[PDB]
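Undergrad: My questions all concern the structure below.
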Amino acid sequence: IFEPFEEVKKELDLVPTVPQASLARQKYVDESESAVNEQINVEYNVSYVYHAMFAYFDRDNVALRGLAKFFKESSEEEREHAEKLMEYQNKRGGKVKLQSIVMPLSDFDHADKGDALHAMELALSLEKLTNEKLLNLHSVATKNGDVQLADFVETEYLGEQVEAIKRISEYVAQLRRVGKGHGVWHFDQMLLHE
Amino acid sequence: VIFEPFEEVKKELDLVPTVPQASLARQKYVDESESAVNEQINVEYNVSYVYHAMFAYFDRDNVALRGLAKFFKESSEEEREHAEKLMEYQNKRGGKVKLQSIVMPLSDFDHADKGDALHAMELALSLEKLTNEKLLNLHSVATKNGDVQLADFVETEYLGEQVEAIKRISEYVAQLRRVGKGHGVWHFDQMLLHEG
Amino acid sequence: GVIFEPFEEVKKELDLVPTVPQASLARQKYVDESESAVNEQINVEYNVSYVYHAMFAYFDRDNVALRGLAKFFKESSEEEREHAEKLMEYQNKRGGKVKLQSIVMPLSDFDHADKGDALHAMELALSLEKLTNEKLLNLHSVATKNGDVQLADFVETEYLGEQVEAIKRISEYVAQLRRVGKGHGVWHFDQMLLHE
Amino acid sequence: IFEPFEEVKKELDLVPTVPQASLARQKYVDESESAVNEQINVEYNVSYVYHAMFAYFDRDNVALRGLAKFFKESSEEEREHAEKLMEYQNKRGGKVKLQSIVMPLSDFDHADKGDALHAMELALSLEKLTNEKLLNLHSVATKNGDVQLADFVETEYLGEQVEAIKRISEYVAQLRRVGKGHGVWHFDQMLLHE
Ligand SMILES: [Ca+2]
Ligand SMILES: [Ca+2]
Ligand SMILES: [Ca+2]
Ligand SMILES: [Ca+2]
Ligand SMILES: [Ca+2]
Ligand SMILES: [Ca+2]
Ligand SMILES: [Ca+2]
Ligand SMILES: [Ca+2]
Ligand SMILES: [Ca+2]
Ligand SMILES: [Ca+2]
Ligand SMILES: [Ca+2]
Ligand SMILES: [Ca+2]
Ligand SMILES: [Ca+2]
Ligand SMILES: [Ca+2]
Ligand SMILES: [Ca+2]
Ligand SMILES: [Ca+2]
Ligand SMILES: [Ca+2]
Ligand SMILES: [Ca+2]
Ligand SMILES: [Ca+2]
Ligand SMILES: [Ca+2]
Ligand SMILES: [Ca+2]
Ligand SMILES: [Ca+2]
Ligand SMILES: [Ca+2]
């Protein structure tokens with residue numbers, strides 16, 4: 001027999017009184033809170049790197065407008081991934097802690113591979129690294145028995161990340177097939193209108 | 001790899017129940033899981049009833065907090081929906097729903113120190129946290145018993161929603177504390193009354 | 001407070017990019033056992049699609065003339081092929097290699113003197129759906145045992161809840177067929193299904 | 001010149017009474033029924049092979065999206081061809097007998113020709129094989145004097161098969177003209193948006 005007011009007597013007492021404490025926080029341990037903050041920083045870093053890549057391909061002497069557009073839009077998307085995690089942190093009553101963002105590379109030319117292929121391979125590696133970080137976040141949730149955090153990560157991030165990795169892998173493959181010069185420019189035109 | 005449907009189908013073909021009272025659908029759904037689902041149905045129905053009591057209090061002419069009355073009324077209906085979804089789930093899995101008794105709730109929600117509004121929102125927050133604990137319990141029963149789909153159902157249909165409900169009410173508690181009793185509470189209530 | 005340095009940590013991720021043309025660029029933490037298990041499930045779904053197509057072909061006979069059942073099995077076959085295709089697409093998303101396997105010859109006749117054709121076929125369909133559920137849970141188990149988080153989640157999300165609903169749907173058909181009885185009742189049930 | 005009820009009472013007593021017998025079947029001999037079941041299996045097999053082709057070209061490292069889409073659509077179309085023959089079998093009161101489907105090739109790479117050209121040449125060969133089988137089915141119908149079966153095959157299948165063969169032949173020719181690399185990728189873009 002479940003008596004709400006009997007079993008809720010204790011709960012009503014646990015309600016925080018000091019203004020700075022979260023009222024919502026429940027079964028959300030410090031390590032989980034910190035793991036979410038770490039992932040916010042990972043997504044924000046990738047956003048920043050993509051913005052650097054946009055800035056490179058937007059150069060008049062590089063003039064790959066499709067790549068510039070793709071990286072510009074990707075940068076915006078990554079910031080949204082970071083923001084979703086910041087909002088999640090607050091839903092669970094953790095405190096968002098934005099960390100420093102390191103200076104990214106500015107130049108993406110590559111003598112052998114060519115700038116386009118080099119940049120897409122870097123992007124692929126960045127998305128694979130992001131996947132590793134997400135799987136680490138998931139591992140922290142699972143270790144700490146945080147069922148809803150693990151579900152949130154699976155549902156909002158993991159499937160999406162698999163799709164992002166396949167998408168970029170396909171770009172790498174196509175850039176390898178078309179080759180430098182005319183081929184790269186044409187692939188770029190495709191991307192511009194994709 | 002190699003797979004012969006008509007050969008392997010033998011197992012389950014002669015496992016099709018023949019007595020009218022037995023579930024045809026039930027598969028890898030143990031009694032403990034069925035019982036835990038019935039327990040959660042009762043938890044949700046209970047919360048629905050408590051919110052209905054809170055509605056009835058704030059709907060009093062001398063209390064006259066129309067925003068809170070509306071919020072609790074809608075919350076009661078939503079809770080009943082949560083119970084019903086679990087009743088439907090029980091039947092999807094071939095378990096038998098067993099509705100249990102519902103206890104008489106408190107009727108008065110006044111509080112000298114906190115004021116009625118803040119007291120009731122704090123109670124609502126505590127009820128939602130208690131419900132979260134019970135939902136996570138249900139998830140634990142499923143995981144312990146190895147019921148993959150029951151665990152997935154609880155996470156997917158209930159857990160994220162419960163986190164949202166808790167933050168929502170926490171924000172109400174915070175605002176009520178900030179505005180203070182009297183004019184502030186009344187103003188907060190007006191906000192809640194017209195809240196989108 | 002620098003806790004993450006992308007260009008330092010990606011160096012490993014970069015010197016791991018395949019240069020051999022036949023190798024997947026996307027594949028990451030997706031082991032052979034998981035790839036094999038997904039290929040097995042593709043074959044399970046394709047086999048079920050084929051069986052449903054055989055059942056369609058039987059109920060579409062002029063002398064059987066149960067148009068509702070024929071329509072149901074025809075649609076079920078198409079849906080099952082979609083289940084197979086979604087797994088083929090998933091295999092490629094993860095950078096596994098799809099390997100389609102042989103499909104065995106299904107039964108062609110679904111007559112049954114005592115149960116009647118309709119009830120017999122629905123009971124068979126129920127058993128096939130329960131069998132598929134066992135197979136899906138087996139796939140989930142392979143993922144969980146190997147620690148493939150996203151594969152487990154894909155199976156839960158895209159297949160397991162759906163399978164539970166499919167099982168209840170067909171269980172209800174079996175129950176109704178048993179209630180209405182052979183002859184006029186079965187024909188009437190079939191009309192309902194034709195227009196459901 | 002013609003009295004329906006004189007000639008019909010003999011026909012009326014020929015109407016089957018046992019529930020397992022087709023009521024519709026008329027002038028449809030076992031050889032024709034068998035030949036129709038054979039063609040069902042041919043079409044279903046081609047459907048499966050096309051699905052294998054789709055699965056190959058949908059690989060991230062192959063990344064020919066136009067070819068993948070073409071083979072995916074061809075697979076669905078081929079299954080429809082099989083289903084139409086299944087429906088026809090039932091119209092004539094024959095009994096459909098689905099047969100086993102063999103494991104198809106999974107890899108379609110080719111060092112000399114390149115993957116795209118090789119796959120299109122294989123597709124052309126498959127469609128020519130299907131055409132031969134359809135013509136054989138027509139031959140069986142004619143040998144047995146089944147006028148309507150012959151007509152069904154020529155009306156519903158033979159013209160379509162000629163179109164399919166020209167279509168794929170044109171793809172082979174274009175792939176040969178554009179050459180490997182940038183050319184193949186461009187052809188694939190054309191096919192993707194065709
Ligand atoms: Ca991201
Ligand atoms: Ca935004
Ligand atoms: Ca803290
Ligand atoms: Ca999940
Ligand atoms: Ca998702
Ligand atoms: Ca795609
Ligand atoms: Ca609830
Ligand atoms: Ca309702
Ligand atoms: Ca029982
Ligand atoms: Ca889970
Ligand atoms: Ca949810
Ligand atoms: Ca909000
Ligand atoms: Ca299925
Ligand atoms: Ca499809
Ligand atoms: Ca391999
Ligand atoms: Ca689902
Ligand atoms: Ca229903
Ligand atoms: Ca064909
Ligand atoms: Ca169709
Ligand atoms: Ca026969
Ligand atoms: Ca002719
Ligand atoms: Ca024609
Ligand atoms: Ca033309």
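Each chain in the structure tokens gets a letter, A, B and so on, in the order shown; residues start at 1 in every chain, and ligands are counted from 1 in the order they appear.
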Can you tell me, as a PDB file with N, CA and C atoms, in the first residue's frame, what residues are no more than 7 Å from residue 87 of chain C when counting only C-alpha atoms, ignoring any on the same chain fewer than 3 positions away?
TA:
ATOM      1  N   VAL C  38      24.422  -8.511 -36.802  1.00  0.00           N
ATOM      2  CA  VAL C  38      23.524  -7.664 -37.577  1.00  0.00           C
ATOM      3  C   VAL C  38      23.195  -8.348 -38.905  1.00  0.00           C
ATOM      4  N   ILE C  42      19.452  -9.374 -40.336  1.00  0.00           N
ATOM      5  CA  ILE C  42      18.967  -9.006 -41.663  1.00  0.00           C
ATOM      6  C   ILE C  42      18.336 -10.235 -42.319  1.00  0.00           C
ATOM      7  N   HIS C  83      12.110  -3.710 -42.545  1.00  0.00           N
ATOM      8  CA  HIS C  83      12.865  -3.982 -41.322  1.00  0.00           C
ATOM      9  C   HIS C  83      14.256  -4.475 -41.686  1.00  0.00           C
ATOM     10  N   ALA C  84      14.319  -5.365 -42.671  1.00  0.00           N
ATOM     11  CA  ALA C  84      15.597  -5.864 -43.155  1.00  0.00           C
ATOM     12  C   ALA C  84      16.453  -4.733 -43.710  1.00  0.00           C
ATOM     13  N   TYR C  90      21.801   0.351 -41.386  1.00  0.00           N
ATOM     14  CA  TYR C  90      22.519   0.513 -40.119  1.00  0.00           C
ATOM     15  C   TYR C  90      23.921  -0.091 -40.198  1.00  0.00           C
ATOM     16  N   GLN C  91      24.011  -1.294 -40.753  1.00  0.00           N
ATOM     17  CA  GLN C  91      25.298  -1.946 -40.964  1.00  0.00           C
ATOM     18  C   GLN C  91      26.263  -0.990 -41.671  1.00  0.00           C
TER      19      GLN C  91
END
Undergrad: Using only C-alpha atoms and all ligand atoms, find each residue with an atom at most 12 Å away from ligand 4 and format the answer as a ChimeraX atom specification.
TA: /A:138,142,146-159 /B:139,148-160 /C:149-158,160-161
Undergrad: Residues as selected, C-alpha atoms, written as a short mmCIF file (atom, residue, chain, number, x, y, z; two decimals), in the first residue's frame, can you do that?
TA:
data_model
loop_
_atom_site.label_atom_id
_atom_site.label_comp_id
_atom_site.auth_asym_id
_atom_site.auth_seq_id
_atom_site.Cartn_x
_atom_site.Cartn_y
_atom_site.Cartn_z
CA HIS A 138 27.92 7.44 -21.36
CA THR A 142 26.52 3.92 -16.48
CA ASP A 146 22.45 7.45 -13.83
CA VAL A 147 19.74 5.92 -15.97
CA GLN A 148 18.26 9.11 -17.39
CA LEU A 149 21.61 10.70 -18.24
CA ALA A 150 22.65 7.56 -20.10
CA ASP A 151 19.34 7.58 -21.98
CA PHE A 152 19.65 11.27 -22.85
CA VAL A 153 23.11 10.71 -24.29
CA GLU A 154 21.99 7.66 -26.31
CA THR A 155 18.86 9.35 -27.61
CA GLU A 156 20.12 12.85 -28.35
CA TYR A 157 23.77 12.27 -29.30
CA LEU A 158 24.98 8.74 -30.09
CA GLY A 159 22.82 7.92 -33.11
CA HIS B 139 13.59 0.39 -14.06
CA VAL B 148 15.14 -5.23 -21.91
CA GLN B 149 11.97 -3.79 -23.41
CA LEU B 150 10.34 -2.93 -20.07
CA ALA B 151 13.46 -1.00 -19.05
CA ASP B 152 13.48 0.74 -22.42
CA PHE B 153 9.79 1.65 -22.11
CA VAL B 154 10.35 3.23 -18.71
CA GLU B 155 13.33 5.30 -19.88
CA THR B 156 11.70 6.34 -23.12
CA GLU B 157 8.19 7.15 -21.95
CA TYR B 158 8.76 8.29 -18.36
CA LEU B 159 12.24 9.26 -17.21
CA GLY B 160 13.02 12.30 -19.37
CA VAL C 149 26.24 1.02 -26.64
CA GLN C 150 24.85 2.50 -29.85
CA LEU C 151 24.01 -0.87 -31.42
CA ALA C 152 22.08 -1.87 -28.30
CA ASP C 153 20.25 1.46 -28.35
CA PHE C 154 19.40 1.14 -32.05
CA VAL C 155 17.88 -2.30 -31.50
CA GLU C 156 15.86 -1.15 -28.46
CA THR C 157 14.72 2.04 -30.14
CA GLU C 158 13.93 0.87 -33.66
CA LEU C 160 11.92 -3.86 -29.58
CA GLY C 161 8.92 -1.66 -28.78
#
Undergrad: Around ligand 14, at most 8 Å away and counting only C-alpha atoms and all ligand atoms, which residues are there? Put them as a list in words, please.
TA: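 The residues within 8 Å of ligand 14, counting only C-alpha atoms and all ligand atoms, are residues 82 and 85 of chain C; 72, 73 and 76 of chain D.
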Undergrad: Do a neighbour search on residue 28 of chain B at 12 Å with only C-alpha atoms, toss out local chain neighbours closer than 5 positions, and write the hits as a PyMOL selection string.
TA: (chain B and resi 33-34+93-95+142+145-150) or (chain C and resi 130-131+133-134+137+164)
Undergrad: Return as CSV the residues of chain A lying at most 8 Å from chain D, together with the closest atom-to-atom pair for each and the distance in Å to one decimal, counting only C-alpha atoms, with rows in chain order and ascending residue number.
TA:
residue,atom,partner,partner_atom,distance
A:166,CA,D:60,CA,6.1
A:167,CA,D:60,CA,7.8
A:169,CA,D:60,CA,5.8
A:170,CA,D:60,CA,5.0
A:173,CA,D:61,CA,5.4
A:174,CA,D:63,CA,6.6
A:177,CA,D:181,CA,5.0
A:178,CA,D:182,CA,4.0
A:179,CA,D:182,CA,6.9
A:183,CA,D:182,CA,5.7
Undergrad: Kindly save the residues from that selection, with N, CA and C atoms included, as a PDB file, in the first residue's frame.
TA:
ATOM      1  N   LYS A 166      29.362   8.902 -40.668  1.00  0.00           N
ATOM      2  CA  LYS A 166      29.165   8.326 -41.998  1.00  0.00           C
ATOM      3  C   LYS A 166      29.141   9.415 -43.066  1.00  0.00           C
ATOM      4  N   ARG A 167      28.461  10.514 -42.766  1.00  0.00           N
ATOM      5  CA  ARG A 167      28.367  11.641 -43.693  1.00  0.00           C
ATOM      6  C   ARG A 167      29.748  12.153 -44.101  1.00  0.00           C
ATOM      7  N   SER A 169      32.658  10.614 -43.649  1.00  0.00           N
ATOM      8  CA  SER A 169      33.386   9.534 -44.308  1.00  0.00           C
ATOM      9  C   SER A 169      33.074   9.519 -45.802  1.00  0.00           C
ATOM     10  N   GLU A 170      31.806   9.717 -46.144  1.00  0.00           N
ATOM     11  CA  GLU A 170      31.408   9.758 -47.548  1.00  0.00           C
ATOM     12  C   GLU A 170      32.078  10.908 -48.298  1.00  0.00           C
ATOM     13  N   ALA A 173      35.664   9.927 -48.983  1.00  0.00           N
ATOM     14  CA  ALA A 173      35.709   8.972 -50.086  1.00  0.00           C
ATOM     15  C   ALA A 173      35.546   9.663 -51.440  1.00  0.00           C
ATOM     16  N   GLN A 174      34.603  10.592 -51.517  1.00  0.00           N
ATOM     17  CA  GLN A 174      34.343  11.291 -52.770  1.00  0.00           C
ATOM     18  C   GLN A 174      35.516  12.180 -53.165  1.00  0.00           C
ATOM     19  N   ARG A 177      38.117  10.108 -54.633  1.00  0.00           N
ATOM     20  CA  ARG A 177      37.783   9.614 -55.966  1.00  0.00           C
ATOM     21  C   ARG A 177      37.980  10.691 -57.040  1.00  0.00           C
ATOM     22  N   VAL A 178      37.545  11.914 -56.756  1.00  0.00           N
ATOM     23  CA  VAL A 178      37.576  12.971 -57.780  1.00  0.00           C
ATOM     24  C   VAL A 178      38.974  13.542 -58.034  1.00  0.00           C
ATOM     25  N   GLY A 179      39.838  13.497 -57.025  1.00  0.00           N
ATOM     26  CA  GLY A 179      41.207  13.967 -57.177  1.00  0.00           C
ATOM     27  C   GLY A 179      41.340  15.480 -57.132  1.00  0.00           C
ATOM     28  N   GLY A 183      38.384  18.209 -60.030  1.00  0.00           N
ATOM     29  CA  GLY A 183      37.553  17.318 -59.234  1.00  0.00           C
ATOM     30  C   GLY A 183      37.171  17.908 -57.885  1.00  0.00           C
TER      31      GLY A 183
END
Undergrad: Once chain A is fitted onto chain D over all Cα atoms in order, please give the RMSD.
TA: 0.3 Å
Undergrad: Report as a list in words which protein, DNA and RNA residues come within 9 Å of ligand 3, using only C-alpha atoms and all ligand atoms.
TA: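 Sorted by chain and then by number, the residues are residues 21, 22, 30, 33, 94 and 95 of chain A.
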Undergrad: So which residues of segment 52-94 of chain B fall under helix (DSSP H, G or I) by DSSP, listed as a VMD selection string?
TA: chain B and resid 52 to 58 66 to 93
Undergrad: I'd like to know which of C:72, C:159, C:56, C:187 is closest to chain B, using only C-alpha atoms.
TA: C:159
Undergrad: Residues of chain B within 7 Å of chain A, using only C-alpha atoms, as a PyMOL selection string?
TA: chain B and resi 43+103+122-123+126-127+130+155+159-160+163-164+166-167+170
Undergrad: Could the residues that lie within 12 Å of ligand 19, counting only C-alpha atoms and all ligand atoms, be listed as a ChimeraX atom specification?
TA: /C:53,56,71-79,81 /D:76-87
Undergrad: For ligand 13, collect every residue having any atom at a distance of at most 7 Å from a ligand atom (counting only C-alpha atoms and all ligand atoms); output as a PyMOL selection string.
TA: chain C and resi 45+48+80+83+129+132+163
